[PDB]
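Engineer: Here you go, this is query04.cif (mmCIF, C-alpha atoms).
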data_start
loop_
_atom_site.label_atom_id
_atom_site.label_comp_id
_atom_site.auth_asym_id
_atom_site.auth_seq_id
_atom_site.Cartn_x
_atom_site.Cartn_y
_atom_site.Cartn_z
CA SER A 1 5.74 24.03 -52.29
CA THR A 2 8.60 25.80 -50.53
CA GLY A 3 11.11 28.54 -51.22
CA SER A 4 14.50 29.46 -49.76
CA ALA A 5 16.50 32.62 -50.48
CA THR A 6 19.66 34.12 -49.03
CA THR A 7 19.39 37.61 -47.55
CA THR A 8 22.51 39.81 -47.45
CA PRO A 9 23.35 42.96 -45.42
CA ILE A 10 23.54 46.07 -47.58
CA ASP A 11 26.54 47.49 -45.69
CA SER A 12 29.02 46.80 -42.89
CA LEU A 13 26.51 47.91 -40.21
CA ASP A 14 23.62 45.62 -41.19
CA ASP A 15 21.48 48.70 -41.86
CA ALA A 16 19.12 46.54 -43.94
CA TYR A 17 19.08 43.23 -45.80
CA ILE A 18 18.39 42.54 -49.49
CA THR A 19 17.01 39.34 -51.01
CA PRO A 20 16.94 38.61 -54.77
CA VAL A 21 13.46 38.36 -56.29
CA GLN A 22 12.57 37.29 -59.83
CA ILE A 23 9.80 39.37 -61.47
CA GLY A 24 8.24 38.84 -64.88
CA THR A 25 8.96 36.75 -67.98
CA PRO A 26 11.82 36.51 -68.79
CA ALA A 27 12.85 37.04 -65.17
CA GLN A 28 14.03 40.46 -64.03
CA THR A 29 15.97 40.02 -60.78
CA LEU A 30 15.67 42.87 -58.26
CA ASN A 31 17.12 43.01 -54.76
CA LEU A 32 14.26 43.75 -52.36
CA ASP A 33 14.08 44.65 -48.67
CA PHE A 34 11.80 42.04 -47.08
CA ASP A 35 9.75 44.00 -44.55
CA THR A 36 7.53 42.25 -41.99
CA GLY A 37 6.34 45.73 -40.92
CA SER A 38 4.55 46.63 -44.18
CA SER A 39 2.39 44.99 -46.81
CA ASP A 40 3.28 46.44 -50.26
CA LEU A 41 5.59 44.84 -52.81
CA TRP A 42 6.92 47.88 -54.69
CA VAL A 43 9.85 48.36 -57.04
CA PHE A 44 11.94 50.95 -58.78
CA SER A 45 10.78 50.80 -62.38
CA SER A 46 10.92 52.21 -65.89
CA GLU A 47 8.16 54.57 -64.66
CA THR A 48 10.17 56.04 -61.76
CA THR A 49 11.03 59.73 -62.22
CA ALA A 50 14.49 59.61 -63.77
CA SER A 51 16.10 62.08 -61.34
CA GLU A 52 14.96 59.83 -58.46
CA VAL A 53 16.84 56.76 -59.75
CA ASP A 54 20.55 56.54 -58.81
CA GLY A 55 22.00 53.07 -59.36
CA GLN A 56 19.00 50.84 -58.57
CA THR A 57 17.95 48.01 -60.83
CA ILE A 58 14.54 48.75 -62.34
CA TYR A 59 11.58 46.60 -63.33
CA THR A 60 10.40 47.28 -66.89
CA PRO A 61 6.89 45.84 -67.25
CA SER A 62 6.85 46.40 -71.02
CA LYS A 63 9.61 43.76 -71.30
CA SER A 64 7.62 41.13 -69.36
CA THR A 65 5.23 38.99 -71.38
CA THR A 66 3.27 38.14 -68.21
CA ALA A 67 2.86 41.73 -66.92
CA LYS A 68 -0.63 43.25 -66.98
CA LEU A 69 -1.61 46.74 -65.88
CA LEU A 70 -4.03 46.57 -62.95
CA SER A 71 -6.31 49.19 -64.43
CA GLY A 72 -7.10 52.16 -62.18
CA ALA A 73 -5.00 50.95 -59.25
CA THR A 74 -2.65 53.32 -57.45
CA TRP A 75 -0.61 53.08 -54.27
CA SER A 76 1.07 55.47 -51.85
CA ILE A 77 2.95 54.60 -48.68
CA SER A 78 4.79 56.42 -45.90
CA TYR A 79 7.17 54.66 -43.52
CA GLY A 80 8.09 55.30 -39.90
CA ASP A 81 11.42 56.85 -40.91
CA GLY A 82 9.61 59.54 -42.91
CA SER A 83 10.33 58.01 -46.32
CA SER A 84 7.64 57.43 -48.94
CA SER A 85 6.87 56.15 -52.43
CA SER A 86 3.88 55.94 -54.77
CA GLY A 87 2.81 54.82 -58.23
CA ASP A 88 0.63 52.44 -60.23
CA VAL A 89 0.24 48.66 -60.25
CA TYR A 90 0.88 45.66 -62.49
CA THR A 91 0.25 42.00 -61.86
CA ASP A 92 3.08 39.66 -62.80
CA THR A 93 4.81 36.42 -61.89
CA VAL A 94 7.05 36.75 -58.82
CA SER A 95 9.43 34.08 -57.53
CA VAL A 96 11.47 33.99 -54.32
CA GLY A 97 14.02 31.25 -53.82
CA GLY A 98 12.18 28.85 -56.13
CA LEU A 99 8.64 29.62 -54.89
CA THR A 100 6.46 31.17 -57.62
CA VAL A 101 3.28 33.26 -57.32
CA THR A 102 1.34 34.15 -60.46
CA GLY A 103 -0.78 37.28 -60.52
CA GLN A 104 1.16 39.03 -57.74
CA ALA A 105 0.54 42.77 -57.42
CA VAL A 106 3.83 44.49 -58.30
CA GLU A 107 3.57 48.15 -57.36
CA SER A 108 5.60 50.27 -59.78
CA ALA A 109 7.05 53.45 -58.28
CA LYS A 110 6.48 56.69 -60.12
CA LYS A 111 7.93 58.69 -57.20
CA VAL A 112 10.27 57.79 -54.34
CA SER A 113 11.59 59.97 -51.53
CA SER A 114 15.23 60.97 -51.22
CA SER A 115 16.30 58.22 -48.82
CA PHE A 116 15.25 55.59 -51.37
CA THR A 117 17.07 57.37 -54.21
CA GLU A 118 20.18 57.71 -52.04
CA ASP A 119 20.35 53.96 -51.30
CA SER A 120 21.51 52.33 -54.53
CA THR A 121 21.47 48.82 -53.00
CA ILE A 122 17.68 48.53 -52.41
CA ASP A 123 15.55 48.11 -55.54
CA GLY A 124 12.23 48.05 -53.66
CA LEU A 125 10.39 46.45 -50.75
CA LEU A 126 8.56 43.15 -50.32
CA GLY A 127 6.00 43.51 -47.53
CA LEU A 128 5.28 40.57 -45.22
CA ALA A 129 2.90 42.11 -42.66
CA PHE A 130 -0.84 41.41 -42.94
CA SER A 131 -2.58 42.30 -46.20
CA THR A 132 -4.99 44.64 -44.36
CA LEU A 133 -2.15 47.22 -44.43
CA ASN A 134 -1.70 47.08 -48.22
CA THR A 135 -2.10 50.57 -49.70
CA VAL A 136 -3.41 49.76 -53.21
CA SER A 137 -6.60 51.66 -54.04
CA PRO A 138 -9.41 51.12 -54.87
CA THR A 139 -8.89 47.33 -54.60
CA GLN A 140 -6.53 46.31 -51.82
CA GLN A 141 -3.98 43.67 -52.83
CA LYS A 142 -2.48 40.64 -51.10
CA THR A 143 1.12 40.16 -50.01
CA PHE A 144 3.40 37.60 -51.63
CA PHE A 145 3.05 35.39 -48.55
CA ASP A 146 -0.75 35.64 -48.52
CA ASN A 147 -0.87 34.66 -52.20
CA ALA A 148 1.57 31.76 -51.71
CA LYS A 149 0.15 30.46 -48.43
CA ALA A 150 -2.33 27.88 -49.72
CA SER A 151 0.35 26.26 -51.91
CA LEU A 152 3.00 26.08 -49.17
CA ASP A 153 3.73 22.80 -47.40
CA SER A 154 3.10 24.68 -44.12
CA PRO A 155 1.65 28.23 -43.89
CA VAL A 156 4.81 29.81 -42.46
CA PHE A 157 7.89 31.79 -43.34
CA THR A 158 11.07 32.15 -41.28
CA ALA A 159 13.63 34.93 -40.89
CA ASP A 160 17.22 33.99 -40.03
CA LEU A 161 19.13 37.26 -40.30
CA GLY A 162 22.91 37.25 -39.95
CA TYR A 163 25.16 39.49 -37.87
CA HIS A 164 27.61 41.01 -40.37
CA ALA A 165 26.88 37.97 -42.56
CA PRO A 166 24.23 36.59 -44.93
CA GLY A 167 21.16 34.79 -43.64
CA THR A 168 18.04 33.12 -45.02
CA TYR A 169 14.33 33.64 -45.61
CA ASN A 170 12.46 30.34 -45.97
CA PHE A 171 8.84 29.90 -47.08
CA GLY A 172 6.70 26.87 -46.30
CA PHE A 173 9.00 24.91 -43.97
CA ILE A 174 10.99 25.18 -40.75
CA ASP A 175 14.69 24.25 -41.14
CA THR A 176 15.33 22.32 -37.93
CA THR A 177 19.11 22.56 -38.52
CA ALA A 178 19.03 26.37 -38.40
CA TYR A 179 18.51 26.87 -34.65
CA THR A 180 19.49 25.43 -31.28
CA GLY A 181 17.16 24.19 -28.60
CA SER A 182 13.41 24.55 -29.12
CA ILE A 183 11.22 27.22 -30.71
CA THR A 184 9.02 29.10 -28.22
CA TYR A 185 5.75 30.28 -29.74
CA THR A 186 3.86 33.34 -28.54
CA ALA A 187 0.50 34.94 -29.35
CA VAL A 188 0.06 37.54 -32.10
CA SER A 189 -2.48 40.32 -32.41
CA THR A 190 -3.30 41.29 -35.99
CA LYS A 191 -5.50 44.24 -34.97
CA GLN A 192 -2.97 46.81 -36.25
CA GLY A 193 -1.91 44.70 -39.25
CA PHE A 194 1.49 43.85 -37.73
CA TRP A 195 3.15 40.77 -36.26
CA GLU A 196 2.42 42.23 -32.82
CA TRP A 197 3.31 40.25 -29.70
CA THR A 198 4.14 40.76 -26.00
CA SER A 199 7.63 40.12 -24.68
CA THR A 200 7.76 38.92 -21.06
CA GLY A 201 10.64 41.16 -19.95
CA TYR A 202 14.32 41.96 -20.25
CA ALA A 203 17.77 41.87 -18.69
CA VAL A 204 20.84 44.08 -19.18
CA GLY A 205 24.14 42.22 -19.35
CA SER A 206 24.51 39.75 -16.50
CA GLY A 207 21.81 41.52 -14.47
CA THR A 208 18.63 39.99 -13.13
CA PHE A 209 15.67 39.52 -15.44
CA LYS A 210 12.86 42.05 -15.03
CA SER A 211 9.44 40.51 -15.65
CA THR A 212 7.31 43.09 -17.45
CA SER A 213 5.03 42.95 -20.50
CA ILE A 214 6.39 44.79 -23.56
CA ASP A 215 3.99 44.90 -26.52
CA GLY A 216 5.75 45.41 -29.84
CA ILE A 217 6.12 44.30 -33.45
CA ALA A 218 8.55 41.92 -35.16
CA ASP A 219 9.76 44.16 -37.99
CA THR A 220 12.53 43.01 -40.33
CA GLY A 221 12.31 46.37 -42.14
CA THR A 222 13.47 48.40 -39.12
CA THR A 223 17.20 48.38 -38.32
CA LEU A 224 17.21 49.00 -34.56
CA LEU A 225 15.46 47.86 -31.36
CA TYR A 226 12.98 50.50 -30.11
CA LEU A 227 11.73 50.00 -26.54
CA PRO A 228 10.14 52.05 -23.72
CA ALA A 229 12.28 54.87 -22.34
CA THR A 230 12.54 53.18 -18.92
CA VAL A 231 14.06 50.04 -20.47
CA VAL A 232 16.43 51.96 -22.77
CA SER A 233 17.64 54.16 -19.88
CA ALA A 234 18.39 51.06 -17.79
CA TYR A 235 20.45 49.63 -20.67
CA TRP A 236 22.56 52.72 -21.42
CA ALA A 237 23.16 53.46 -17.73
CA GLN A 238 25.48 50.42 -17.82
CA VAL A 239 27.73 52.04 -20.46
CA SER A 240 30.18 54.64 -19.15
CA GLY A 241 29.72 57.92 -20.99
CA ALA A 242 26.55 56.96 -22.85
CA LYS A 243 23.96 59.71 -23.19
CA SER A 244 20.86 60.65 -25.14
CA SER A 245 21.71 63.35 -27.70
CA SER A 246 18.87 65.49 -29.03
CA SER A 247 21.17 66.78 -31.78
CA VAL A 248 22.12 63.31 -32.99
CA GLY A 249 18.63 61.86 -32.43
CA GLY A 250 19.17 59.15 -29.83
CA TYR A 251 21.57 57.45 -27.47
CA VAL A 252 25.27 57.66 -28.33
CA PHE A 253 28.20 56.08 -26.53
CA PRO A 254 32.00 56.22 -26.62
CA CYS A 255 33.29 54.10 -29.48
CA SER A 256 35.92 52.79 -27.03
CA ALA A 257 33.21 51.07 -24.94
CA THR A 258 32.50 47.35 -24.70
CA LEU A 259 28.71 47.06 -24.73
CA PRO A 260 26.70 44.71 -22.50
CA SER A 261 24.30 42.19 -23.95
CA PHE A 262 20.53 42.69 -23.86
CA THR A 263 18.11 39.83 -23.18
CA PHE A 264 14.41 39.80 -24.06
CA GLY A 265 11.80 37.30 -22.93
CA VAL A 266 9.62 35.12 -25.17
CA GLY A 267 7.31 33.37 -22.76
CA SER A 268 9.59 31.54 -20.34
CA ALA A 269 12.42 31.54 -22.92
CA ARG A 270 15.16 34.13 -23.36
CA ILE A 271 16.88 35.57 -26.44
CA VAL A 272 20.31 37.15 -25.85
CA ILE A 273 21.46 39.99 -28.11
CA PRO A 274 25.29 40.20 -27.84
CA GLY A 275 26.66 43.62 -27.03
CA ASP A 276 28.43 43.89 -30.39
CA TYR A 277 25.06 43.75 -32.17
CA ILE A 278 24.14 47.05 -30.45
CA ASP A 279 27.11 49.00 -31.95
CA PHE A 280 26.12 51.03 -35.03
CA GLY A 281 29.45 52.77 -35.39
CA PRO A 282 30.57 56.39 -35.55
CA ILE A 283 27.80 58.98 -35.82
CA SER A 284 29.83 60.59 -38.64
CA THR A 285 33.00 59.43 -40.37
CA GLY A 286 35.95 59.56 -37.97
CA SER A 287 33.92 60.44 -34.88
CA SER A 288 34.64 58.74 -31.54
CA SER A 289 30.93 58.97 -30.67
CA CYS A 290 29.06 55.82 -31.72
CA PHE A 291 25.35 55.33 -32.35
CA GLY A 292 23.40 52.90 -30.17
CA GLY A 293 21.33 50.02 -31.49
CA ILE A 294 18.75 50.21 -28.69
CA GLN A 295 16.70 53.41 -28.79
CA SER A 296 13.57 54.79 -27.18
CA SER A 297 10.18 54.18 -28.79
CA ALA A 298 8.63 57.07 -26.86
CA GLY A 299 8.18 59.17 -30.01
CA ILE A 300 6.91 56.31 -32.19
CA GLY A 301 3.76 55.04 -30.50
CA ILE A 302 4.81 51.38 -30.71
CA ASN A 303 7.76 49.25 -29.62
CA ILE A 304 9.70 47.71 -32.52
CA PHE A 305 11.72 44.48 -32.40
CA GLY A 306 13.79 45.35 -35.46
CA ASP A 307 16.84 43.68 -36.95
CA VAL A 308 19.03 44.20 -33.85
CA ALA A 309 16.70 41.87 -31.93
CA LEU A 310 15.56 39.55 -34.71
CA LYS A 311 19.06 38.69 -35.96
CA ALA A 312 19.82 37.19 -32.52
CA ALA A 313 17.10 34.58 -33.18
CA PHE A 314 15.59 32.17 -35.65
CA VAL A 315 12.09 33.64 -36.08
CA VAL A 316 8.98 31.80 -37.30
CA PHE A 317 6.14 33.87 -38.77
CA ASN A 318 3.27 31.38 -38.48
CA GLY A 319 0.40 32.35 -40.77
CA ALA A 320 -2.00 29.65 -39.65
CA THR A 321 -5.65 30.60 -39.17
CA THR A 322 -4.64 31.99 -35.77
CA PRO A 323 -1.18 33.47 -36.44
CA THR A 324 1.65 33.14 -33.92
CA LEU A 325 5.36 34.00 -33.70
CA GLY A 326 8.13 31.60 -32.73
CA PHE A 327 11.63 32.42 -31.49
CA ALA A 328 14.62 30.12 -31.04
CA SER A 329 18.25 30.77 -30.19
CA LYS A 330 20.78 29.90 -32.88
#
Please express what this file holds, its structure, as structure tokens.

Structural biologist:
Amino acid sequence: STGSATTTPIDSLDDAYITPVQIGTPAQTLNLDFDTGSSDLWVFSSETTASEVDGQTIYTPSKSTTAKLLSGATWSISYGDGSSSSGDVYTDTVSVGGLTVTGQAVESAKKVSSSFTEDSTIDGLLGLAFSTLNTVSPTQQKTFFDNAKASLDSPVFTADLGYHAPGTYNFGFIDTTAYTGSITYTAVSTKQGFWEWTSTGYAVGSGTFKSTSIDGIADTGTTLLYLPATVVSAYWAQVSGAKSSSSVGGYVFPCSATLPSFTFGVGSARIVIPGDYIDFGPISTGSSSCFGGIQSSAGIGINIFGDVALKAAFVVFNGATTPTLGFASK
């Protein structure tokens, strides 16, 4: 089997991407944030505290003839941005782009933190990291990809995120028309539950490539590119007037600037992030200070190849017995 679904930016900055997902019988379509940095499929629901719902579409398990309470199961998750959610668990039929999994754990939110309530465009998350990170207790549950894997034509999914435009998540096949050149594959460590890999270095603009190992994660659920402070300083030093602002929470730059590109290494190959992808717009409405798309990871504990980096590439998440990642230009 295969599946193919379009993923669409939630706003003009590409802050996140939503993909329609069918849950239950008859289908209830929710727009979920596909997140290769976590491993829970959770949704706003008829059980979510009413004051914490503000415009999201909800899953109502009582209206699904295939929903079953997973008795005794609870979940609770906290994300790197400080947000969180928790609740109980149903199993139900879940389909993405024509690919159907029966018996998928659908985690129903009883509580969500304010940033989820405040974002009316995201109805939940669909985790695509390794199932060892799934938070369901006392019986850990499998991701949608883990459940689908054996049925797929090939045990892979791909992320093709757009810049200010829709893109595609495919399951079970590699669309050879969706990228240019060849796909370069690189080793993955699953020891932390992430799609963790080592970039071979970087360049700023037209500058020379610096060969240096940068361990980090491919995370579609994180907006920006988080890298070591040395690398980030070298980037922003090429932008007149750019500075790190403690009050804003990162590097800012004059909105009048033209930003240089940023290149990262994948083995001997190179992925170029155009400068425009690094512009996240005014820090507040009407400001001439703009927020940067490359930020320091120093306070995180891990480097994160988020959407800023991934949307410059066609990315293969290879879930073979020994997983690997592939990157191609596009």

Engineer: Of the residues A:146, A:160, A:153, A:107, which is the one nearest to residue 17 of chain A, using only C-alpha atoms?

Structural biologist: A:160

Engineer: As number ranges by chain, please: the residues near residue 311 of chain A (cut-off 12 Å, all atoms listed in the file, same-chain neighbours under 4 positions excluded).

Structural biologist: A: 7, 9, 14-17, 158-169, 179, 218-225, 271-274, 277-278, 305-307, 315, 327-330

Engineer: List as a VMD selection string the protein and nucleic acid residues near segment 195-200 of chain A, meaning an atom at most 8 Å away when all atoms listed in the file are counted, but skip any in the same chain fewer than 5 places from it.

Structural biologist: chain A and resid 36 to 37 129 to 130 186 to 190 211 to 219 264 to 268 317 325

Engineer: Running the PyMOL selection byres ((chain A and resi 120-122) around 8) on this model by hand, what would come out? Give it as a list in words.

Structural biologist: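 With the PyMOL selection byres ((chain A and resi 120-122) around 8) on this model, the match is residues 10, 18, 31, 32, 33, 54, 55, 56, 116, 117, 118, 119, 123, 124 and 125 of chain A.
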
Engineer: In Å, how far is it from atom CA of residue 233 of chain A to atom CA of residue 250 of chain A?

Structural biologist: 11.2 Å

Engineer: Would you please work out which residue, of A:263, A:108, A:297, A:192, is nearest to residue 58 of chain A when using all atoms listed in the file?

Structural biologist: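 Closest to residue 58 of chain A, using all atoms listed in the file: A:108.
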
Engineer: Just how far from atom CA of residue 256 of chain A is atom CA of residue 244 of chain A, in Å to one decimal?

Structural biologist: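 These atoms are spaced 17.1 Å apart.
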
Engineer: Nearest to residue 34 of chain A: which of A:294, A:13, A:126, A:316 is it, counting only C-alpha atoms?

Structural biologist: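 The closest residue to residue 34 of chain A is A:126.
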
Engineer: Would you tabulate, counting all atoms listed in the file, all residues of segment 6-73 of chain A that have an atom at most 10 Å from an atom of segment 78-88 of chain A, showing the closest pair of atoms and their distance in Å to one decimal, sorted by chain then ascending number, as CSV?

Structural biologist:
residue,atom,partner,partner_atom,distance
A:37,CA,A:79,CA,9.3
A:38,CA,A:79,CA,8.5
A:42,CA,A:85,CA,8.6
A:43,CA,A:85,CA,9.5
A:44,CA,A:85,CA,9.6
A:45,CA,A:87,CA,9.8
A:47,CA,A:87,CA,8.4
A:48,CA,A:87,CA,8.3
A:69,CA,A:88,CA,8.3
A:70,CA,A:88,CA,8.0
A:71,CA,A:88,CA,8.7
A:72,CA,A:88,CA,8.0
A:73,CA,A:88,CA,5.9

Engineer: Between atom CA of residue 236 of chain A and atom CA of residue 12 of chain A, what is the distance, to one decimal in Å?

Structural biologist: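 A separation of 23.2 Å between them.
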
Engineer: Any idea what's packed within 10 Å of residue 65 of chain A, counting all atoms listed in the file, ignoring anything in its chain fewer than 5 positions away? Could you give it as a PyMOL selection string?

Structural biologist: chain A and resi 24-26+92-93

Engineer: Could you write those residues out with C-alpha atoms, as a tab-separated table (two decimals), in the frame of the given file?

Structural biologist:
chain	number	residue	atom	x	y	z
A	24	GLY	CA	8.24	38.84	-64.88
A	25	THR	CA	8.96	36.75	-67.98
A	26	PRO	CA	11.82	36.51	-68.79
A	92	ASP	CA	3.08	39.66	-62.80
A	93	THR	CA	4.81	36.42	-61.89

Engineer: Kindly complete segment 269-292 of chain A to N, CA, C and O atoms; the output should be written as a PDB file, in the frame of the given file.

Structural biologist:
ATOM      1  N   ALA A 269      11.128  31.618 -22.248  1.00  0.00           N
ATOM      2  CA  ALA A 269      12.420  31.540 -22.920  1.00  0.00           C
ATOM      3  C   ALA A 269      13.072  32.921 -22.991  1.00  0.00           C
ATOM      4  O   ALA A 269      12.455  33.956 -22.715  1.00  0.00           O
ATOM      5  N   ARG A 270      14.343  32.925 -23.385  1.00  0.00           N
ATOM      6  CA  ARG A 270      15.160  34.130 -23.360  1.00  0.00           C
ATOM      7  C   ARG A 270      15.995  34.174 -24.628  1.00  0.00           C
ATOM      8  O   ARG A 270      16.596  33.161 -25.013  1.00  0.00           O
ATOM      9  N   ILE A 271      16.013  35.328 -25.290  1.00  0.00           N
ATOM     10  CA  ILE A 271      16.880  35.570 -26.440  1.00  0.00           C
ATOM     11  C   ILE A 271      17.918  36.609 -26.035  1.00  0.00           C
ATOM     12  O   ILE A 271      17.569  37.698 -25.559  1.00  0.00           O
ATOM     13  N   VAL A 272      19.196  36.283 -26.240  1.00  0.00           N
ATOM     14  CA  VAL A 272      20.310  37.150 -25.850  1.00  0.00           C
ATOM     15  C   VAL A 272      20.878  37.840 -27.079  1.00  0.00           C
ATOM     16  O   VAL A 272      21.341  37.175 -28.015  1.00  0.00           O
ATOM     17  N   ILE A 273      20.838  39.170 -27.071  1.00  0.00           N
ATOM     18  CA  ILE A 273      21.460  39.990 -28.110  1.00  0.00           C
ATOM     19  C   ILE A 273      22.871  40.330 -27.633  1.00  0.00           C
ATOM     20  O   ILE A 273      23.011  41.068 -26.642  1.00  0.00           O
ATOM     21  N   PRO A 274      23.931  39.824 -28.277  1.00  0.00           N
ATOM     22  CA  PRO A 274      25.290  40.200 -27.840  1.00  0.00           C
ATOM     23  C   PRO A 274      25.515  41.696 -27.936  1.00  0.00           C
ATOM     24  O   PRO A 274      24.950  42.384 -28.790  1.00  0.00           O
ATOM     25  N   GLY A 275      26.371  42.197 -27.043  1.00  0.00           N
ATOM     26  CA  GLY A 275      26.660  43.620 -27.030  1.00  0.00           C
ATOM     27  C   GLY A 275      27.115  44.169 -28.376  1.00  0.00           C
ATOM     28  O   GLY A 275      26.756  45.287 -28.754  1.00  0.00           O
ATOM     29  N   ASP A 276      27.913  43.390 -29.118  1.00  0.00           N
ATOM     30  CA  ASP A 276      28.430  43.890 -30.390  1.00  0.00           C
ATOM     31  C   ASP A 276      27.310  44.199 -31.365  1.00  0.00           C
ATOM     32  O   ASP A 276      27.461  45.073 -32.227  1.00  0.00           O
ATOM     33  N   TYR A 277      26.170  43.510 -31.244  1.00  0.00           N
ATOM     34  CA  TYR A 277      25.060  43.750 -32.170  1.00  0.00           C
ATOM     35  C   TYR A 277      24.458  45.135 -31.968  1.00  0.00           C
ATOM     36  O   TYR A 277      23.695  45.603 -32.821  1.00  0.00           O
ATOM     37  N   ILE A 278      24.744  45.772 -30.827  1.00  0.00           N
ATOM     38  CA  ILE A 278      24.140  47.050 -30.450  1.00  0.00           C
ATOM     39  C   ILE A 278      25.020  48.232 -30.883  1.00  0.00           C
ATOM     40  O   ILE A 278      24.622  49.395 -30.716  1.00  0.00           O
ATOM     41  N   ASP A 279      26.182  47.966 -31.482  1.00  0.00           N
ATOM     42  CA  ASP A 279      27.110  49.000 -31.950  1.00  0.00           C
ATOM     43  C   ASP A 279      26.812  49.341 -33.407  1.00  0.00           C
ATOM     44  O   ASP A 279      26.994  48.499 -34.297  1.00  0.00           O
ATOM     45  N   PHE A 280      26.368  50.574 -33.671  1.00  0.00           N
ATOM     46  CA  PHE A 280      26.120  51.030 -35.030  1.00  0.00           C
ATOM     47  C   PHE A 280      27.148  52.045 -35.504  1.00  0.00           C
ATOM     48  O   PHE A 280      26.921  52.739 -36.502  1.00  0.00           O
ATOM     49  N   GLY A 281      28.307  52.088 -34.851  1.00  0.00           N
ATOM     50  CA  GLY A 281      29.450  52.770 -35.390  1.00  0.00           C
ATOM     51  C   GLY A 281      29.405  54.274 -35.228  1.00  0.00           C
ATOM     52  O   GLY A 281      28.465  54.848 -34.669  1.00  0.00           O
ATOM     53  N   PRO A 282      30.451  54.932 -35.713  1.00  0.00           N
ATOM     54  CA  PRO A 282      30.570  56.390 -35.550  1.00  0.00           C
ATOM     55  C   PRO A 282      29.364  57.139 -36.100  1.00  0.00           C
ATOM     56  O   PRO A 282      28.845  56.817 -37.171  1.00  0.00           O
ATOM     57  N   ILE A 283      28.965  58.201 -35.391  1.00  0.00           N
ATOM     58  CA  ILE A 283      27.800  58.980 -35.820  1.00  0.00           C
ATOM     59  C   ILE A 283      28.086  59.681 -37.147  1.00  0.00           C
ATOM     60  O   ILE A 283      27.167  59.940 -37.933  1.00  0.00           O
ATOM     61  N   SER A 284      29.349  60.005 -37.406  1.00  0.00           N
ATOM     62  CA  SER A 284      29.830  60.590 -38.640  1.00  0.00           C
ATOM     63  C   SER A 284      31.242  60.064 -38.831  1.00  0.00           C
ATOM     64  O   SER A 284      31.897  59.674 -37.862  1.00  0.00           O
ATOM     65  N   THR A 285      31.705  60.035 -40.078  1.00  0.00           N
ATOM     66  CA  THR A 285      33.000  59.430 -40.370  1.00  0.00           C
ATOM     67  C   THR A 285      34.101  60.018 -39.492  1.00  0.00           C
ATOM     68  O   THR A 285      34.263  61.234 -39.400  1.00  0.00           O
ATOM     69  N   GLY A 286      34.834  59.145 -38.799  1.00  0.00           N
ATOM     70  CA  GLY A 286      35.950  59.560 -37.970  1.00  0.00           C
ATOM     71  C   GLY A 286      35.597  59.990 -36.559  1.00  0.00           C
ATOM     72  O   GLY A 286      36.505  60.223 -35.754  1.00  0.00           O
ATOM     73  N   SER A 287      34.315  60.059 -36.222  1.00  0.00           N
ATOM     74  CA  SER A 287      33.920  60.440 -34.880  1.00  0.00           C
ATOM     75  C   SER A 287      34.227  59.317 -33.886  1.00  0.00           C
ATOM     76  O   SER A 287      34.143  58.134 -34.216  1.00  0.00           O
ATOM     77  N   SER A 288      34.539  59.691 -32.638  1.00  0.00           N
ATOM     78  CA  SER A 288      34.640  58.740 -31.540  1.00  0.00           C
ATOM     79  C   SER A 288      33.335  58.583 -30.756  1.00  0.00           C
ATOM     80  O   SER A 288      33.319  57.907 -29.721  1.00  0.00           O
ATOM     81  N   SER A 289      32.257  59.208 -31.211  1.00  0.00           N
ATOM     82  CA  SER A 289      30.930  58.970 -30.670  1.00  0.00           C
ATOM     83  C   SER A 289      30.216  57.974 -31.575  1.00  0.00           C
ATOM     84  O   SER A 289      30.165  58.168 -32.796  1.00  0.00           O
ATOM     85  N   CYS A 290      29.691  56.910 -30.979  1.00  0.00           N
ATOM     86  CA  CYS A 290      29.060  55.820 -31.720  1.00  0.00           C
ATOM     87  C   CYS A 290      27.560  55.788 -31.454  1.00  0.00           C
ATOM     88  O   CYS A 290      27.090  56.157 -30.380  1.00  0.00           O
ATOM     89  N   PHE A 291      26.807  55.347 -32.454  1.00  0.00           N
ATOM     90  CA  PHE A 291      25.350  55.330 -32.350  1.00  0.00           C
ATOM     91  C   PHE A 291      24.846  54.004 -31.767  1.00  0.00           C
ATOM     92  O   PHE A 291      25.230  52.926 -32.220  1.00  0.00           O
ATOM     93  N   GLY A 292      23.922  54.096 -30.814  1.00  0.00           N
ATOM     94  CA  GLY A 292      23.400  52.900 -30.170  1.00  0.00           C
ATOM     95  C   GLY A 292      22.327  52.182 -30.973  1.00  0.00           C
ATOM     96  O   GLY A 292      21.508  52.781 -31.674  1.00  0.00           O
TER      97      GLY A 292
END
